[PDB]
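Quick heads-up: it's one chain on its own, the form deposited in one PDB entry, in structure tokens.
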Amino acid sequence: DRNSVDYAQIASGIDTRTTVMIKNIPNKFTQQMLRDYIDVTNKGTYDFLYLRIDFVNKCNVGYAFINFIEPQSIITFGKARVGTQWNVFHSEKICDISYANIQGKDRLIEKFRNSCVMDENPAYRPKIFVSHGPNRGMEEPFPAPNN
């Protein structure tokens, strides 16, 4: 499909999309567990991260948005994790990815800055990180509502 990830197309430079959906996330996985999981192989390679929590059902939504700074970092993540089991909470689910319909850190910021999710516990809010320079990967304060 239009959102399937093909590592060879990324390597050859014919698909430069950077926003990816991390799929089949176990119900009880947290955003901290996801950040740590990604940091095993991809620390400092992404500049947007969000795993939405459903507070009523005590679970995450099952997928996360991640914006990689360089499209090549999708190969690093994918080749290490895609097709492997999460191996937490006795889940049978496997890590998988596809491209998101929304593309880029700026579009992601604009999608959540005015959202009601910014009113929840600061620890569970979407995150942005420095995209370039010596501090690349360091968390940045999320921009305030545009209204």
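For every residue, the number given is its place in the sequence shown, counted from 1. The term rigid core refers to the most C-alpha atoms you can superpose between the two forms while keeping them within 1.5 Å.
Keep in mind that the form deposited in another entry is missing from the display, and what follows is about it.
The residue that stands out in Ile109, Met118, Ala80, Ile38 is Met118, the single one whose Cα moves by 2 angstroms or more between this form and the one not shown on a rigid core fit. With the core held fixed, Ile128 shows a CA shift of 2 Å or greater between this form and the one not shown. Cα of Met118 to Cα of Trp86: at least 3 Å longer in that other deposited form than in the shown structure. Cα of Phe112 to Cα of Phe55: at least 3 Å shorter in that other deposited form than in the shown structure.
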